[PDB]
Every structure is written in C-alpha cells, then in structure tokens.
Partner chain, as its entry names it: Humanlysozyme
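Only one chain is included here, represented as structure tokens and corresponding to the form deposited without its partner chain.
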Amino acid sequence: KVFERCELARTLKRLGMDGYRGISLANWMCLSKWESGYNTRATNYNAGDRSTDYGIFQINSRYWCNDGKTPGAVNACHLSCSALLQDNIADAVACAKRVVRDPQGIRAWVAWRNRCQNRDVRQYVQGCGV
C-alpha cells in the first residue's frame, strides 16, 4: 500500500507514534517519506552486505527482522521480514518502536539524519488533524 500523507499521519498517531520516546509525528512522517515514499512494500537489497531493507520504514534484515537469507543476521523485532511488507503497518510500527528504544533513537536511520535532522518538518503534518 502507498499511503497518502495525512492518512499515514493519523494512522501513525492511532498506533501511538506521536511523541514515542520523544519523537514527534512530523519526524516519523519525514522518515517514512524519505525511506519509502509511504510505500509498505518498498524493498532495497544491499549487495555489499547481503541484507535487505523492508517496508514503509525500510527496516534492515541484519538486525531487526528475519528473512532467513542474511549472513549472521539477528531478529531484534522477533518478526518475519514479511510482516514488514503488509498493508497494515501495526507490526512495522512495533518494530520501528523497538529500533528507537536503542541508544541512537531516531538517528538509527541515516536517511533521517540526511533529510530530517535539523530541518523544518512541520510541512509533513500540516492539515492532517493530528
């Protein structure tokens, strides 16, 4: 599924993402936008280390989910990577929350540092009723 902007904002809000570990909804929106264009079936294979990024948040298989084909990988979210390719984003959100409970927080995603950190992300939730 490819979410429309405000649809996703409300979806994330209902799932408890607004202010989760100090991360605003606007930050999660900026993350989703730059990682997958709000597309839940987005995937990216990394030929260098044989890992794959899955879903709307592009969560990597080396540490967060199991796809059975990533060398020496772990599964911190205790989910099949397939769970991160669903139209319903509840499991992806549970996993994203798990990611940010770690030291780095929202900085875990390099794309957030590149396109969201120290940027004006207000535009991502304006008009969505969140």
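Positions refer to the first chain, counted from 1.
- According to the PDB record, 117 to 125 carries the higher mean C-alpha B-factor of the two stretches 11 to 19 and 117 to 125.
- Two stretches are in play, 96 to 104 and 44 to 52, and the higher mean C-alpha B-factor belongs to 44 to 52.
- Per the deposited record, 70 carries the highest C-alpha B-factor of all listed residues (88, 27, 82, 70).
- Per the PDB record, residue ranking by Cα B-factor puts residue 77 in the middle third of the chain.
- Placement of the Cα temperature factor of residue 63 within the chain: highest third of the modelled residues, per the deposited record.
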